[PDB]
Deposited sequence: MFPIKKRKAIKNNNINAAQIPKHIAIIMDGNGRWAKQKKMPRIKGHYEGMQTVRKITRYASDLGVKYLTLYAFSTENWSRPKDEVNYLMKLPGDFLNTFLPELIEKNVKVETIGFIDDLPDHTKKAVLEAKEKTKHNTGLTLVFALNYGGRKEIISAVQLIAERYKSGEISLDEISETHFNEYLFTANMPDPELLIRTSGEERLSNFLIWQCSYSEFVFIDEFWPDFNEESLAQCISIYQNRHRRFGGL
């Protein structure tokens, strides 16, 4: 019935403000508010994993969201995780991330995942490198290099493939996001910019997924 894993490529924060004739900081503010509302709603719906990918300012959104609403996440049993090369992020951003993961590592509710400094192809390349290492070492046989064991070398090793993939602001591209993981996912593209995405908007996407 309800998807266990929903992934969202979010953007349109800049365009939203431009069209609305408001400063960037205003779109940034609403953007964070949307992340908060969607996180609570998904948790209530019973969703288990929610992966967010913010496609300058959007670069600050994750860190800013975590530093500002962590107490709320802790309260609502949300566990924070990430995918991507986090050790290469700006210090103050890396700080917020590490702190959020540490303080939510024991929560058992919805796992909120932020894709930071992430890329589908590079993720694949990294896995290949690891697999090559193990093979040359004799740890595995050439027969063990199957699509069943491949997920074990990806960032999403401890999580299921998204049943549903959503992208805002119209745009109909994958943008090098979750290449291997979304190979069978349902793609739902909506025209609304991120700041306008709400609970109702999310239900429609799920409705579509279900009714198909």
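Missing from the model, relative to the deposited sequence, are the ranges 1-18, 74-85, 243-249.
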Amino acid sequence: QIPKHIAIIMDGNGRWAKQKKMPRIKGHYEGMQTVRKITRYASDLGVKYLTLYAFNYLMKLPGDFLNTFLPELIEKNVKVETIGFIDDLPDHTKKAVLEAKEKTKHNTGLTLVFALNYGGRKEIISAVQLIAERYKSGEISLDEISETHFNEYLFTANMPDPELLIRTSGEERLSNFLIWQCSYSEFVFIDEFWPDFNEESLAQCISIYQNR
From here on, numbers count along this sequence of modelled residues.
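Stretches compared: 12-20, 185-193. Higher mean C-alpha B-factor in the entry: 12-20. Between 141-149 and 61-69, the higher mean Cα B-factor belongs to 141-149.
You'll see in the entry that, of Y49, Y29, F55, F177, the Cα B factor peaks at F55.
For the set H92, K122, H106, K101, the PDB entry puts the maximum C-alpha B factor at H92.
The entry lists a Cα temperature factor for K4 that places it in the middle third of the chain's modelled residues. The entry lists a Cα temperature factor for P160 that places it in the middle third of the chain's modelled residues. Annotation for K136: C-alpha temperature factor in the highest third relative to the rest of the modelled chain, per the entry. Annotation for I74: CA B-factor lies in the lowest third of the chain's modelled residues.
Per-chain ranking of the deposited C-alpha B factor places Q33 in the lowest third.
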